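As structure tokens, the structure follows; a few thoughts come after it.
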Amino acid sequence: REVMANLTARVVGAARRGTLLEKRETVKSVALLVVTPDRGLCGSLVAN
Amino acid sequence: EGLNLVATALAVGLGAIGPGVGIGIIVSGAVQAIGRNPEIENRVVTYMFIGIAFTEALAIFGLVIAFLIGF
């Protein structure tokens, strides 16, 4: 967490702000991650 | 005698030694800087050219003597 803070502060130029950290403009496709229990009986947690 | 001919060669000869190395170092540094940061390219080139000419300013000074010595 602090290594990100220490490193990303140094790298501020948009030209070198590529690859994963690149804040792309005109977003078109979005992927999402969901984690759920393997087994039920958890209650409303899975539904939530 | 013909000793002025040695002065003709020495001015252009020894004069080109310094700038010859200097021009090489300037462009090499600029090319590396362009390669690492391509978006500052338009700016570093201006710095390269305003300094790379200072290097041949002495080389032209050698050539000025190189023709003054002849005549």
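Residues are named by chain letter and number: chains run A, B, ... in the order of the structure tokens, numbers start at 1 in each chain, and ligands are numbered from 1 in the order shown.
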What are the closest atom pairs, with distances in Å to one decimal, for all residues of chain A lying within 10 Å of chain B? Consider only C-alpha atoms, order rows by chain and residue number, and present the result as a tab-separated table.
residue	atom	partner	partner_atom	distance
A:13	CA	B:39	CA	9.1
A:14	CA	B:39	CA	9.1
A:15	CA	B:39	CA	6.3
A:16	CA	B:37	CA	7.3
Residue 7 in chain B surroundings by only C-alpha atoms, 9 Å radius, close-in-sequence under 4 positions cut, as a PyMOL selection string: chain B and resi 3+11-12+65-66+69-70
Test item: residues at most 12 Å from range 54-57 of chain B, only C-alpha atoms, excluding those fewer than 4 positions along its chain, as a ChimeraX atom specification: /B:12,15-27,47-50,61-64
Can you spit out the residues from that selection as a PDB file, in the first residue's frame, using N, CA and C atoms?
ATOM      1  N   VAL B  12      41.923  23.200 -38.666  1.00  0.00           N
ATOM      2  CA  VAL B  12      40.808  22.315 -38.986  1.00  0.00           C
ATOM      3  C   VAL B  12      40.960  20.976 -38.274  1.00  0.00           C
ATOM      4  N   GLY B  15      40.928  21.564 -34.347  1.00  0.00           N
ATOM      5  CA  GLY B  15      39.648  22.201 -34.097  1.00  0.00           C
ATOM      6  C   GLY B  15      38.485  21.232 -34.105  1.00  0.00           C
ATOM      7  N   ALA B  16      38.552  20.197 -34.940  1.00  0.00           N
ATOM      8  CA  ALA B  16      37.457  19.245 -35.059  1.00  0.00           C
ATOM      9  C   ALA B  16      37.488  18.153 -34.000  1.00  0.00           C
ATOM     10  N   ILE B  17      38.558  18.059 -33.208  1.00  0.00           N
ATOM     11  CA  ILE B  17      38.649  16.992 -32.214  1.00  0.00           C
ATOM     12  C   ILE B  17      37.601  17.182 -31.127  1.00  0.00           C
ATOM     13  N   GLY B  18      37.502  18.392 -30.587  1.00  0.00           N
ATOM     14  CA  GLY B  18      36.591  18.668 -29.504  1.00  0.00           C
ATOM     15  C   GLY B  18      35.139  18.558 -29.917  1.00  0.00           C
ATOM     16  N   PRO B  19      34.719  19.402 -30.862  1.00  0.00           N
ATOM     17  CA  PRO B  19      33.342  19.302 -31.363  1.00  0.00           C
ATOM     18  C   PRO B  19      32.985  17.931 -31.901  1.00  0.00           C
ATOM     19  N   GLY B  20      33.930  17.221 -32.520  1.00  0.00           N
ATOM     20  CA  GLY B  20      33.621  15.893 -33.027  1.00  0.00           C
ATOM     21  C   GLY B  20      33.097  14.971 -31.945  1.00  0.00           C
ATOM     22  N   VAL B  21      33.753  14.974 -30.784  1.00  0.00           N
ATOM     23  CA  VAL B  21      33.258  14.199 -29.651  1.00  0.00           C
ATOM     24  C   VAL B  21      31.995  14.834 -29.084  1.00  0.00           C
ATOM     25  N   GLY B  22      31.968  16.167 -29.014  1.00  0.00           N
ATOM     26  CA  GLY B  22      30.861  16.845 -28.358  1.00  0.00           C
ATOM     27  C   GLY B  22      29.531  16.634 -29.054  1.00  0.00           C
ATOM     28  N   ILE B  23      29.524  16.701 -30.387  1.00  0.00           N
ATOM     29  CA  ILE B  23      28.286  16.473 -31.128  1.00  0.00           C
ATOM     30  C   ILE B  23      27.772  15.065 -30.870  1.00  0.00           C
ATOM     31  N   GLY B  24      28.684  14.094 -30.805  1.00  0.00           N
ATOM     32  CA  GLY B  24      28.273  12.721 -30.571  1.00  0.00           C
ATOM     33  C   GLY B  24      27.589  12.528 -29.232  1.00  0.00           C
ATOM     34  N   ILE B  25      28.107  13.179 -28.190  1.00  0.00           N
ATOM     35  CA  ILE B  25      27.542  13.009 -26.857  1.00  0.00           C
ATOM     36  C   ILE B  25      26.171  13.667 -26.763  1.00  0.00           C
ATOM     37  N   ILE B  26      26.004  14.830 -27.396  1.00  0.00           N
ATOM     38  CA  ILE B  26      24.748  15.569 -27.287  1.00  0.00           C
ATOM     39  C   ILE B  26      23.594  14.774 -27.885  1.00  0.00           C
ATOM     40  N   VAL B  27      23.761  14.288 -29.114  1.00  0.00           N
ATOM     41  CA  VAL B  27      22.666  13.581 -29.768  1.00  0.00           C
ATOM     42  C   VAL B  27      22.395  12.256 -29.070  1.00  0.00           C
ATOM     43  N   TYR B  47      16.398  22.024 -26.797  1.00  0.00           N
ATOM     44  CA  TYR B  47      17.583  22.111 -25.950  1.00  0.00           C
ATOM     45  C   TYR B  47      18.803  21.493 -26.616  1.00  0.00           C
ATOM     46  N   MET B  48      18.626  20.382 -27.333  1.00  0.00           N
ATOM     47  CA  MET B  48      19.753  19.781 -28.033  1.00  0.00           C
ATOM     48  C   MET B  48      20.313  20.733 -29.080  1.00  0.00           C
ATOM     49  N   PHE B  49      19.438  21.358 -29.870  1.00  0.00           N
ATOM     50  CA  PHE B  49      19.910  22.168 -30.987  1.00  0.00           C
ATOM     51  C   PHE B  49      20.518  23.482 -30.516  1.00  0.00           C
ATOM     52  N   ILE B  50      19.960  24.088 -29.466  1.00  0.00           N
ATOM     53  CA  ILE B  50      20.521  25.334 -28.955  1.00  0.00           C
ATOM     54  C   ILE B  50      21.859  25.128 -28.269  1.00  0.00           C
ATOM     55  N   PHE B  61      34.932  28.480 -35.633  1.00  0.00           N
ATOM     56  CA  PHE B  61      36.063  29.330 -35.278  1.00  0.00           C
ATOM     57  C   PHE B  61      37.371  28.741 -35.791  1.00  0.00           C
ATOM     58  N   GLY B  62      37.505  27.416 -35.732  1.00  0.00           N
ATOM     59  CA  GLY B  62      38.662  26.777 -36.335  1.00  0.00           C
ATOM     60  C   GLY B  62      38.687  26.931 -37.843  1.00  0.00           C
ATOM     61  N   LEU B  63      37.525  26.798 -38.487  1.00  0.00           N
ATOM     62  CA  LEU B  63      37.467  26.957 -39.936  1.00  0.00           C
ATOM     63  C   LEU B  63      37.707  28.407 -40.343  1.00  0.00           C
ATOM     64  N   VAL B  64      37.287  29.360 -39.507  1.00  0.00           N
ATOM     65  CA  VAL B  64      37.563  30.767 -39.788  1.00  0.00           C
ATOM     66  C   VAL B  64      39.064  31.010 -39.839  1.00  0.00           C
TER      67      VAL B  64
END
d(CA of residue 5 in chain A, CA of residue 32 in chain B) in Å: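 Separation between CA of residue 5 in chain A and CA of residue 32 in chain B: 27.7 Å.
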Spatial neighbours of residue 48 in chain A, max dist 12 Å, only C-alpha atoms, sep filter under 3 positions, as a list in words: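 Near residue 48 in chain A, the qualifying residues are residues 34, 35, 36, 37, 42, 43, 44 and 45 of chain A.
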With N, CA and C atoms retained, write the just-selected residues as an mmCIF file, in the first residue's frame.
data_model
loop_
_atom_site.group_PDB
_atom_site.id
_atom_site.type_symbol
_atom_site.label_atom_id
_atom_site.label_comp_id
_atom_site.auth_asym_id
_atom_site.auth_seq_id
_atom_site.Cartn_x
_atom_site.Cartn_y
_atom_site.Cartn_z
ATOM 1 N N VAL A 34 -16.902 -11.427 -8.749
ATOM 2 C CA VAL A 34 -17.819 -11.769 -7.671
ATOM 3 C C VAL A 34 -17.282 -12.990 -6.942
ATOM 4 N N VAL A 35 -17.274 -12.921 -5.617
ATOM 5 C CA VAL A 35 -16.884 -14.034 -4.765
ATOM 6 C C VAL A 35 -18.088 -14.431 -3.921
ATOM 7 N N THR A 36 -18.416 -15.716 -3.939
ATOM 8 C CA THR A 36 -19.573 -16.238 -3.235
ATOM 9 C C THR A 36 -19.194 -17.518 -2.508
ATOM 10 N N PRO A 37 -19.874 -17.831 -1.408
ATOM 11 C CA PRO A 37 -19.589 -19.085 -0.704
ATOM 12 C C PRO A 37 -19.851 -20.287 -1.595
ATOM 13 N N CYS A 42 -25.809 -19.835 4.119
ATOM 14 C CA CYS A 42 -25.181 -18.647 4.677
ATOM 15 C C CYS A 42 -26.198 -17.580 5.045
ATOM 16 N N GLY A 43 -27.426 -17.693 4.552
ATOM 17 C CA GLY A 43 -28.441 -16.697 4.821
ATOM 18 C C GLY A 43 -28.654 -15.776 3.641
ATOM 19 N N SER A 44 -28.796 -14.484 3.912
ATOM 20 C CA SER A 44 -28.996 -13.495 2.864
ATOM 21 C C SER A 44 -27.689 -13.008 2.254
ATOM 22 N N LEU A 45 -26.546 -13.511 2.727
ATOM 23 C CA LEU A 45 -25.261 -13.048 2.215
ATOM 24 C C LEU A 45 -25.118 -13.341 0.726
#
Between CA of residue 68 in chain B and CA of residue 8 in chain B - distance in Å to one decimal: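 Computing the Euclidean distance for CA of residue 8 in chain B and CA of residue 68 in chain B yields 8.7 Å.
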Gap from CA of residue 31 in chain B to CA of residue 60 in chain B - Å, one decimal: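 So the answer is 24.8 Å.
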